[PDB]
Amino acid sequence: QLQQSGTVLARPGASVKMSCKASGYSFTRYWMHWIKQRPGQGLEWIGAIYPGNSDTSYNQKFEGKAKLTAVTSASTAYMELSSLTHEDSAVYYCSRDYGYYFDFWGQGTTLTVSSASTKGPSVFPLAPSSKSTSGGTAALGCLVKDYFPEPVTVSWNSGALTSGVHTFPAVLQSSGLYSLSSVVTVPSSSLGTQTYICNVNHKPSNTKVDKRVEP
Amino acid sequence: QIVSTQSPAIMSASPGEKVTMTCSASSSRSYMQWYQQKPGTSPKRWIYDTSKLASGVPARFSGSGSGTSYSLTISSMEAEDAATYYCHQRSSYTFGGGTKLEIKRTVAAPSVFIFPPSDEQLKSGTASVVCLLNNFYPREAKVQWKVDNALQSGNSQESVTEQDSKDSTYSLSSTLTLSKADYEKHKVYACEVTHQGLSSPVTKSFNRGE
């Protein structure tokens with residue numbers, strides 16, 4: 001098990017330190033690797049550490065920037081990155097080097113680098129419009145607008161509704177604030193008898209709102 | 001330092017088809033490995049030492065190659081195999097760009113819904129009009145907004161889902177954002193959709209008063 005750290009937000013110029021805690025195997029016998037993944041690009045190798053000896057191998061591109069340490073008695077490899085620029089916004093994985101393949105990998109830590117400030121979302125009902133009657137299928141949704149940072153969690157009827165739900169990827173507007181839509185498809189008839197509520201929770205703001213979407 | 005180039009970068013394939021993806025090593029390298037990643041998970045060990053499949057990798061996958069060209073072939077494409085495939089080499093620790101593999105299915109024309117601004121958004125002075133193209137294939141769809149039957153440019157954004165798991169269709173939303181002032185100057189808001197599975201483009205409209 002390689003349990004990595006939480007989502008990390010940061011301003012340009014700053015620095016960040018993110019852990020990768022290991023369990024099971026004997027931490028000192030295996031090099032720990034750190035790979036960067038940035039949307040629209042592949043996987044980039046940053047470097048590795050041998051915690052038994054602390055010798056390290058760095059990719060040239062990250063030499064002045066990343067630093068790999070390992071507090072051996074605590075089974076936690078670390079990595080700080082320095083002078084964060086917009087291009088370090090990405091997902092960082094640590095993975096164990098078994099020898100000829102990376103075999104385990106931690107879930108990722110997302111770092112967002114931006115000058116922008118936390119903003120909770122405004123939630124707006126996208127009321128059962130189009131085909132609502134003459135269709136047999138009606139679509140309803142919530143518009144989760146102007147929030148920063150990612151992520152937001154939208155769910156319908158406290159989880160009691162899954163079928164037909166399409167929550168779309170957040171898009172980032174000119175203002176550097178994101179917005180998304182969660183839309184659900186229901187049979188036109190249900191509109192008179194059910195109540196559709198979407199539940200939006202944005203934790204970096206501690207925003208939890210529920211919205212009825214009535215036709 | 002060894003640069004790996006993968007081709008194709010996107011590939012659609014019907015289940016039962018045979019796919020083959022390349023990863024070419026710029027400088028002759030001894031062993032090639034291959035990782036698979038599905039949306040929202042870490043890479044998984046798939047092929048290693050040019051052709052040994054790891055433990056779990058079903059019989060249909062197959063590494064092959066020497067020096068500068070390696071390949072991953074799937075014999076009978078299955079629906080569960082759609083993912084991005086990256087090849088990896090151990091001297092520079094480089095990886096190649098990925099080959100996303102999607103499943104081909106039959107053309108399915110979008111249902112288009114359109115939604116007017118809620119009142120709550122309007123009191124706060126902005127107006128977002130959403131147009132939804134629901135469950136379709138291929139992913140290529142073209143959505144044009146017209147306000148008082150005149151085309152709009154530069155003030156919409158769209159987001160597309162990743163291919164549905166049991167269905168294989170995409171969904172796309174396009175949002176037009178206006179100030180309340182601008183919204184109120186115009187009357188007919190229409191979403192025009194062009195897509196393969198449509199003999200003529202669907203338009204869906206609402207009129208601001210009505």
Side-chain angles (χ1 to χ4, degrees), chain A residues 20 30-50 53 55-68 77 79 81 85 87-88 90-106 108, chain B residues 1-11 19-38 41-54 57 61-74 83-101:
Chain A
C20 172
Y30 291 120
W31 288 79
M32 184 77 115
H33 281 66
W34 283 89
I35 298 101
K36 172 189 176 167
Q37 183 171 46
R38 178 173 168 68
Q41 294 80 182
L43 303 169
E44 207 166 1
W45 185 65
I46 295 172
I49 188 167
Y50 182 75
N53 161 200
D55 46 340
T56 59
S57 208
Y58 285 91
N59 170 349
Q60 280 73 19
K61 280 148 178 183
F62 297 87
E63 247 178 349
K65 222 200 207 294
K67 181 190 301 171
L68 269 41
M79 177 183 50
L81 288 311
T85 203
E87 303 168 348
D88 303 310
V91 185
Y92 289 97
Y93 301 96
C94 44
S95 45
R96 201 183 87 174
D97 183 9
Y98 183 78
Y100 213 76
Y101 43 96
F102 297 122
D103 62 345
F104 297 83
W105 288 71
Chain B
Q1 294 79 0
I2 269 65
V3 171
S4 296
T5 310
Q6 270 185 257
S7 264
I10 332 291
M11 171 47 111
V19 322
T20 285
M21 44 198 122
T22 278
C23 176
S24 308
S26 61
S27 283
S28 323
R29 213 67 286 191
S30 42
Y31 292 118
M32 191 61 67
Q33 303 166 283
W34 283 81
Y35 294 81
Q36 159 202 263
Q37 178 179 29
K38 303 291 197 57
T41 50
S42 332
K44 286 181 195 84
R45 51 194 133 159
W46 213 247
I47 287 173
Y48 64 85
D49 283 321
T50 307
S51 48
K52 293 60 183 179
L53 324 184
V57 190
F61 287 93
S62 265
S64 35
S66 321
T68 273
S69 301
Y70 298 78
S71 306
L72 187 178
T73 304
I74 307 186
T84 314
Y85 293 98
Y86 297 99
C87 55
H88 181 221
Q89 64 85 201
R90 260 185 186 222
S91 322
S92 315
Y93 278 93
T94 274
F95 288 83
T99 292
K100 200 181 180 178
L101 176 69

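Residue numbers begin at 1 in each chain, while the letters A, B, ... track the order of the sequences. Just so it is clear, the values below take in all heavy atoms, side chains as well, and ignore hydrogens, waters and symmetry mates.
Interatomic distance, CD of B:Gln36 versus CZ of B:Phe61, reported as 6.0 Å (0.5 Å rounding). Atom SG of A:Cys94 sits about 11.5 Å away from atom NE2 of A:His33, to the nearest 0.5 Å. Rounding to the nearest 0.5 angstrom, the gap separating the OH atom in B:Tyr35 from the CD1 atom in B:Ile47 is 11.5 Å. Note that the OH atom of A:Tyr101 and the CZ atom of B:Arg45 stand 6.5 Å from one another [nearest 0.5 Å]. Here the straight-line distance linking atom CZ of A:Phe62 with atom CG of A:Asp88 works out to 7.5 Å at 0.5 Å rounding. Atom CG of A:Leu43 and atom CZ of B:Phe95 lie 5.0 Å apart (nearest 0.5 Å).
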Check residues 3-10 of chain B and write down every donor-acceptor pair under 3.5 Å in which the side-chain atom is one partner and the other belongs to a residue at least two apart or another chain.
| residue | atom | partner | partner atom | Å |
| --- | --- | --- | --- | --- |
| B:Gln6 | OE1 | B:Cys87 | N | 3.0 |
| B:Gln6 | OE1 | B:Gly98 | N | 3.2 |
| B:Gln6 | NE2 | B:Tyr85 | O | 2.8 |
| B:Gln6 | NE2 | B:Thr99 | OG1 | 3.0 |

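Under a cut-off of 6.0 angstrom, the local environment of OH in A:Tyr98 is sparse, with at most 12 non-hydrogen atoms contributed by other residues, nucleotides or ligands. Applying the 6.0 Å contact sphere to CD of A:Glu87 captures no more than 12 heavy atoms from other residues, nucleotides or ligands. Within 6.0 Å of the NZ atom in B:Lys44, the count of heavy atoms belonging to other residues, nucleotides or ligands exceeds 12. Counting heavy-atom neighbours within 6.0 Å of B:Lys52 NZ, excluding the residue itself, gives a total above 12.
Note that A:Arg96 lies outside the cation-pi zone of A:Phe104, set by a 6.0 Å cut-off to the ring centre and a 45° limit from the axis. Remark: B:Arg90 is not positioned above the aromatic ring of B:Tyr31, lacking an NZ or CZ atom under 6.0 angstrom from the ring centre and at most 45 degrees off the axis.
In this structure, the side chain of B:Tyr70 engages the main chain of B:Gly67 through a donor-acceptor pair within 3.5 Å. In this structure, the side chain of A:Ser57 does not engage the main chain of A:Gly47 through any donor-acceptor pair within 3.5 Å. Under a 3.5 Å cut-off, the side chain of A:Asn59 and the backbone N or O of A:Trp45 do form a donor-acceptor pair.
Every residue two or more places apart in sequence or in another chain was checked for a side chain to side chain donor-acceptor pair (under 3.5 Å) with A:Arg38, and none qualifies. Contacts of B:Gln89 classified as side chain to side chain donor-acceptor pair (under 3.5 Å), with partners at least two apart in sequence or in another chain: B:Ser92. For the side chain to side chain donor-acceptor pair (under 3.5 Å) test, residues two or more places apart in sequence or in another chain that qualify with B:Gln1 are A:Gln60. Annotation: side chain to side chain donor-acceptor pair (under 3.5 Å) contacts of B:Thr73 (sequence neighbours excluded): B:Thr20. Under the salt bridge (charged side-chain N to carboxylate O under 4.0 Å, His left out) criterion, B:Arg29 pairs with no residue, sequence neighbours left out.
Nearest heavy atom pair, residue A:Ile46 against residue A:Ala66, reads CG2-CB, 3.9 Å. Pairing each heavy atom of B:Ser24 with each of B:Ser69, the nearest pair is OG-OG, 4.3 Å. Summarising the geometry of B:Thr94 relative to B:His88, their closest heavy-atom pair is O-CD2, 2.8 Å, with the distance given to 0.1 Å. Residues B:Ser30 and B:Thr50 come closest through the heavy atom pair O-OG1, 3.8 Å. Shortest non-hydrogen contact noted between B:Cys23 and B:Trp34 is CB-CH2, 3.4 Å.
With A:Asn53 as reference, A:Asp55 is the one residue of A:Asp55, A:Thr56, A:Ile49 to meet the side-chain contact (heavy atoms from CB on, under 4.5 Å) rule.
Using the six-membered ring where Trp is involved, A:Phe102 and A:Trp105 have ring planes that are perpendicular, over 60° apart on the 30 and 60° scheme.
Donor-acceptor pairing under 3.5 Å is recorded for the side chains of A:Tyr93 and A:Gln37.
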